[PDB]
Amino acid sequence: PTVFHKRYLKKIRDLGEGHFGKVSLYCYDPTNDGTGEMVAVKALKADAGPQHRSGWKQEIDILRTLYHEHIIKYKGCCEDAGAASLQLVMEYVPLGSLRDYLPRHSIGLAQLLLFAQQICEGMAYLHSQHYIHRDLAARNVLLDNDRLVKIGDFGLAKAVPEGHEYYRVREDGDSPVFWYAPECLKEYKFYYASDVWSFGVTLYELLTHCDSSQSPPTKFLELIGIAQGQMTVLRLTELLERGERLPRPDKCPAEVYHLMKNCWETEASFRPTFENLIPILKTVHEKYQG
């Protein structure tokens, strides 16, 4: 319900961008004095079509209904008269994404597992509200402080229809295929368990400290090759069905690699849920923290 008056919004810097949107850092100063608040403002590009505009209004509604310590805080909206929609105003998460932060800050295994646990808490909460994320990756996990992480973007999140166990996708060029389970790539169905697969890929990112040369697109494209025409996804699907997986990251314990592999079960029903992961991660964290 909170309305931001565009007259007090001063742009500081870009925070991220996608195909049909951009997130920017703004100082919202209704004075000019030191009572200024820093906010993350997400805007839909003016040239976006009806499918993206309807999806935008759904995204804004999704963030309004979500309130959890490991989910970015919705702050309000303001009229985006330039794009003729609304701008989603959220809290500014100061340390940015783990994708940006990890290659520059060598973080201990213990803090990595704490983040892993926190992502699961935020995800079990999202699944309890009957939503699927569809874009769980380290670029979407924001660092507030060294002991606090938040899921910071919901651009692809969808409500799971009432008497159904999955959502039917309709794959696009923006689909994060390298974080996707076989059932998403093949049958065009996204289950709650499909997010658990993406969590396994996010856990692999964290354990590689988000090193570009070890990234899921880099590692999978080395396995598929580049002279494959329109067949990257088909080749990805068949390597996954042969049981090929991203490798064990350097210094990753065998137990945590096994947990990653368990999130990556080909059969979606064999994967743990986010509720199952929480006491497991709690326990593996206490272990390493000690």
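All residue numbers are counted from 1 along the displayed sequence.
**Student:** As a check of understanding, is residue 82 unmodelled in at least a third of the other compared entries that model its flanking residues?
**Tutor:** Residue 82: unmodelled in a third or more of the comparison entries.
**Student:** What about residue 147, is it left unmodelled in a third or more of the other PDB entries we looked at?
**Tutor:** Other entries vs residue 147: none skip it.
**Student:** Do the C-alpha atoms of 184 to 192 or of 197 to 205 have the higher average B factor in the entry?
**Tutor:** That would be 184 to 192.
**Student:** Taking the recorded C-alpha temperature factors, which stretch has the higher mean, 7 to 15 or 270 to 278?
**Tutor:** Averaged over C-alpha atoms, the B-factors run higher in 7 to 15.
**Student:** From 48, 256, 236, 40, pick the one with the largest CA B-factor in the entry?
**Tutor:** That would be 48, according to the entry.
**Student:** Among 223, 227, 246, 240, single out the one with the highest C-alpha B factor in the record, please.
**Tutor:** Going by the entry's C-alpha B-factors, 227 comes out highest.
**Student:** If you rank the chain by CA B-factor, which third does residue 106 end up in: lowest, middle or highest?
**Tutor:** According to the entry, residue 106 has a C-alpha B-factor in the chain's highest third.
**Student:** Taking the C-alpha B-factors as the PDB entry records them, is residue 67 in the lowest, middle or highest third of its chain?
**Tutor:** It belongs to the highest third of the chain when residues are ordered by C-alpha B-factor.
**Student:** Of the three thirds of its chain by CA temperature factor, lowest, middle or highest, which one includes residue 135?
**Tutor:** Within its chain, residue 135 is a lowest-third residue by C-alpha B-factor, going by the deposited values.
**Student:** In terms of the chain's CA B-factor thirds, is residue 97 lowest, middle or highest?
**Tutor:** For residue 97, the deposited C-alpha B-factor lands in the lowest third.
**Student:** By the record's CA B-factor, is residue 179 among the lowest, middle or highest third of residues in the chain?
**Tutor:** Residue 179: CA B-factor falls in the lowest third of its chain.
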